[PDB]
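K.L.:
Residue numbers (our numbering), protein chains in the order written: chain A, 1 to 60; chain B, 1 to 57.
Have a look at the structure that comes next, please.
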């Protein structure tokens, strides 16, 4: 009568697993759009990585 | 010839004006880049670290 709370708890632990799979796919999606969006801005303004560092933080 | 000095001088006046507009345009282009860059880094919660890592791994 308790190994029915124990099993419910396993079903949730599984849905938690699927959420994290989904979460990681979104994360990855967002990483690739940043990467593309970054590179495309750098291309349009003719900016290098050194330029970016120069702009945001010359001495790090 | 002093007709070509009137035309010459109006051409200079305009080159001056363009040189001025082009300085402004460089400044503004630089600001746009930086504002866009920072906007995108905020949208995606990215830092300079992350950028260095993506472009120079």
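The C-beta atom is built at its ideal place from N, Cα and C for all residues, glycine as well.
From what residue to what residue does the alpha helix (DSSP H) around residue 21 of chain B run?
P.N.:
What you label residue 21 of chain B is simply residue 21 of the second chain in a count that begins at 1. Where residue 21 of chain B is concerned, the enclosing alpha helix (DSSP H) stretches over 3-43.
K.L.:
Tell me, please, whether the stretch 27-39 of chain A touches the stretch 44-51 of chain B by the rule of three or more beta-carbon pairs shorter than 8 Å.
P.N.:
At 8 Å Cβ cutoff, the stretches touch.
K.L.:
So, is the C-beta of residue 32 of chain A closer than 8 Å to a C-beta in chain B?
P.N.:
Counting from 1 along the first chain, the entry for residue 32 of chain A is found at position 32. By this cut-off, residue 32 of chain A is not an interface position.
K.L.:
Taking Cβ to Cβ, would you say residue 41 of chain A is nearer than 8 Å to residue 27 of chain B?
P.N.:
For the purposes of this step, residue 41 of chain A is taken as residue 41 along the first chain, with counting starting at 1. For the purposes of this step, residue 27 of chain B is taken as residue 27 along the second chain, with counting starting at 1. No, the Cβ-Cβ distance between residue 41 of chain A and residue 27 of chain B is not below 8 Å.
K.L.:
Give the secondary structure of residue 56 of chain A by DSSP, where H, G and I count as helix, E and B as strand, and everything else as coil.
P.N.:
Indexing the first chain from 1 puts residue 56 of chain A at position 56. Three-state DSSP puts residue 56 of chain A in a helix.
K.L.:
Interface residues of chain B around residue 29 of chain A at Cβ under 9 Å?
P.N.:
Here residue 29 of chain A corresponds to residue number 29 of the first chain, with the count starting at 1. The contacting residues do not exist; residue 29 of chain A stays about 11 Å from chain B at best.
K.L.:
Of all Cβ atoms in chain A, is any one closer than 8 Å to the Cβ of residue 23 of chain B?
P.N.:
Locating residue 23 of chain B in the second chain gives position 23, counting from the first residue. Chain A, which has no Cβ nearer than 8 Å to the Cβ of residue 23 of chain B, makes this no.
K.L.:
Going along chain A in order, which residues have a C-beta closer than 9 Å to the C-beta of residue 9 of chain B?
P.N.:
Position 9 of the second chain, counting from 1, holds the residue named residue 9 of chain B. What residue 9 of chain B touches in chain A: nothing, since even the nearest Cβ is about 35 Å away.
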